[PDB]
Amino acid sequence: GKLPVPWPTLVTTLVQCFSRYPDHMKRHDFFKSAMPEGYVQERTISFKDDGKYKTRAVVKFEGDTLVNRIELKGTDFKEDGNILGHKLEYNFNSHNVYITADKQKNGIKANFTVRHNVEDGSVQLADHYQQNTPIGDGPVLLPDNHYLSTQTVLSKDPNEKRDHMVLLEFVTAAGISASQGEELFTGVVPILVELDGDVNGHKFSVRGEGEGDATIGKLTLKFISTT
Amino acid sequence: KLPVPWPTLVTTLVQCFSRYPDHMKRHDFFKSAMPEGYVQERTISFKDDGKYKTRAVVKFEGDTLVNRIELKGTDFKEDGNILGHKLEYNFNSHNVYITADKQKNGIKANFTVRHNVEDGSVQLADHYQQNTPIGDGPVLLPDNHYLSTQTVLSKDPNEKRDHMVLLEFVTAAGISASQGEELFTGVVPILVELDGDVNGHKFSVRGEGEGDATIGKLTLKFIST
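Line by line, the protein sequences are chains B and A. For the first sequence, the residue numbers in PDB author numbering are 1 to 14, 18 to 179, 193 to 243. For the second sequence, the residue numbers in PDB author numbering are 2 to 14, 18 to 179, 193 to 242.
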């Protein structure tokens with residue numbers, strides 16, 4: 001069935020290990036350094052004048068596939084707002100994801116604001132607060148301050164009768193071998209994404225499949241409602 | 002070296021590949037002009053800088069949709085964002101507002117492109133566009149509407165030449194119907210050839226790839242000479 005929220009509001013929740024880190028920045032790539040054991044990615048996303056999402060994800064390898072499992076809890080949303088009212092355009096803006104090391108917890112943090120285009124020509128802001136912690140014990144890379152520059156395009160499959168999102172995404176690190197986990201990304205890697213969602217009591221699920229190429233920073237995924 | 006940044010050539014380098025939803029198919033001028041095609045002319049005014057004047061012939065040659073362009077740039081500042089190569093390698097989303105031009109049996113469009121500058125400023129590129137059919141056949145003159153664009157620019161790691169990889173999705177909004198549209202029901206190969214002169218710097222670009230108007234998708238790689 002159709003998702004109770006717009007697809008664009010789920011983009012950031014639905018694998019930053021596929022960001023392209025330039026050769027001079029491989030020392031700062033926490034995400035790959037946590038592989039294959041993986042990392043926990045937790046976020047609070049606050050929609051301006053509306054509700055909020057709380058997400059916890061496990062991102063790790065399962066065989067040769069990079070898997071992103073997520074639980075999402077949405078609360079306090081307006082019945083007539085841009086989210087539950089489905090007033091967001093089917094597109095996605097480019098953002099800068101600002102990353103800082105979290106030495107106390109052997110991980111990283113991120114703060115950034117996503118801008119969702121509204122059908123009336125305005126914008127719906129979504130403030131993101133992000134924390135990443137390794138799952139394994141092996142050494143990871145704690146980075147200097149930098150950011151990820153994102154580009155995304157959303158499309159549809161014309162023959163797909165289920166609610167779905169086709170996504171192509173390019174992310175490059177900026178603002179400024194180093195791990196064995198970095199070596200797990202020298203080629204095209206299959207991706208699986210599974211999200212369990214609850215927004216204002218409306219339960220839903222999403223499954224995504226595709227591939228990532230961290231040498232160019234390219235993600236190609238198709239997500240489908242499995243509710 | 003390409004004398005201008007790749008992003009400034011994106012709009013010049018095939019709106020017949022836009023996805024017109026079923027309820028808007030009687031407003032698709034671009035496909036209705038096919039296979040004989042149309043001439044697309046623009047003036048692109050880079051605010052506080054120079055201008056491009058472009059004239060393109062867009063038509064089928066056999067199974068291939070060809071876009072052949074002559075571009076002339078004048079009045080550019082030697083230290084501006086264009087000649088100074090100060091523009092980021094990316095591209096924003098735009099709404100292309102289309103109106104019928106009944107007297108010319110074609111359309112006009114107006115929109116302002118926003119080019120991000122490396123220092124955080126913005127270089128605006130005001131587009132004035134007119135399209136006229138080449139053939140004598142009937143075309144669709146649309147009600148006012150717009151095309152909503154999304155584009156990602158990337159690089160081919162295997163490509164040694166100066167180049168641009170482009171992926172673009174365009175959908176019509178803001179509101193078969195001819196036979197030209199029937200030529201776009203599948204994947205269509207595309208050839209793009211541009212001959213340019215900007216402040217006396219001559220250059221050429223060749224692009225190849227394919228378009229899928231059912232989803233509004235363009236996949237192209239451009240190489241500079």
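Built from N, CA and C at the ideal position, the CB exists for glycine as well.
Which two residues bound the contiguous alpha helix (DSSP H) that contains residue i?
| i | result |
| --- | --- |
| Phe33/B | 33-36 |
How would you call residue i, buried or exposed, if buried means at least 16 neighbouring beta carbons within 10 angstroms?
| i | result |
| --- | --- |
| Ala60/B | buried |
| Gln107/A | exposed |
| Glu163/B | exposed |
| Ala177/B | exposed |
| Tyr132/A | exposed |
| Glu199/A | exposed |
| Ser36/B | buried |
| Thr9/B | buried |
| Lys234/B | buried |
| residue 189/A | Within chain A, residue numbering steps from 179 directly to 193, and residue 189/A belongs to the interval with no atoms modelled. |
| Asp32/B | buried |
| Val126/A | exposed |
| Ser22/A | buried |
| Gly217/B | exposed |
| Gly226/B | buried |
| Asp53/B | buried |
| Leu91/B | buried |
| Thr175/A | buried |
For residue i, report the span of its beta strand (DSSP E) as first-last.
| i | result |
| --- | --- |
| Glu225/B | 218-229 |
| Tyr56/B | 55-65 |
| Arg165/B | Here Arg165/B belongs to no beta strand (DSSP E), and DSSP marks it neither H nor E. |
| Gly233/B | First-last for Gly233/B: undefined, no H or E at that position. |
| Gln44/A | 42-50 |
| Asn71/A | 68-78 |
| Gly213/B | 205-215 |
| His27/B | Run containing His27/B: none; DSSP gives neither H nor E here. |
| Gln196/B | Here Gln196/B belongs to no beta strand (DSSP E), and DSSP marks it neither H nor E. |
| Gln154/B | 149-158 |
Closer than 7 Å: is that where the CB of residue i sits relative to any heavy atom of the ligand HEM?
| i | result |
| --- | --- |
| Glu225/A | Although the ligand HEM was asked about, the structure shown includes no ligands whatsoever. |
Assuming residue i and residue j are in contact, meaning their beta carbons sit under 8 Å apart, how far apart are those beta carbons, in whole angstroms?
| i | j | result |
| --- | --- | --- |
| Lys2/B | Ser241/B | 7 Å |
| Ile232/B | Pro161/A | 7 Å |
| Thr153/B | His98/B | 5 Å |
| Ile86/B | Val5/B | 5 Å |
| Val205/A | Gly224/A | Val205/A to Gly224/A, Cβ: 14 Å. No contact. |
| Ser49/A | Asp130/A | 4 Å |
| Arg46/B | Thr58/B | 5 Å |
| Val156/A | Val156/B | 6 Å |
| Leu208/B | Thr68/B | 5 Å |
| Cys20/A | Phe201/A | 7 Å |
| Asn114/A | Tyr101/A | 6 Å |
| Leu128/A | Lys219/A | Rounded, the Cβ-Cβ distance is 26 Å, inconsistent with contact. |
Since residue i meets chain C, which of its residues come closer than 8 Å, beta carbon to beta carbon?
| i | result |
| --- | --- |
| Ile179/A | Reference to chain C is not applicable here, since the protein chains of this structure are B and A. |
Problem set entry | Length at least 4, wholly inside the stretch 80-138 of chain A: the alpha helix (DSSP H) runs in chain order | With a minimum length of 4 residues, no continuous alpha helix (DSSP H) run stays inside the stretch 80-138 of chain A.
Exercise. So, do the stretch 210-227 of chain A and the stretch 73-89 of chain A have three or more beta carbon pairs nearer to each other than 8 Å?
Worked result: yes
Problem set entry | Contact the stretch 135-142 of chain A vs the stretch 170-177 of chain A: 3+ CB pairs below 8 Å | no
For this session: For the stretch 100-118 of chain B and the stretch 132-139 of chain B, state whether three or more C-beta atom pairs, one from each stretch, are separated by less than 8 Å.
Result: yes
Exercise. Does the stretch 57-72 of chain B come within contact of the stretch 37-47 of chain B, defined as at least 3 CB pairs closer than 8 Å?
Worked result: yes
Exercise. Does the pairing of the stretch 116-125 of chain B with the stretch 21-41 of chain B give three or more beta-carbon distances under 8 Å?
Worked result: no
Exercise. Using 8 Å as the Cβ pair cut-off and three pairs as the minimum, do the stretch 148-160 of chain B and the stretch 79-91 of chain B touch?
Worked result: no
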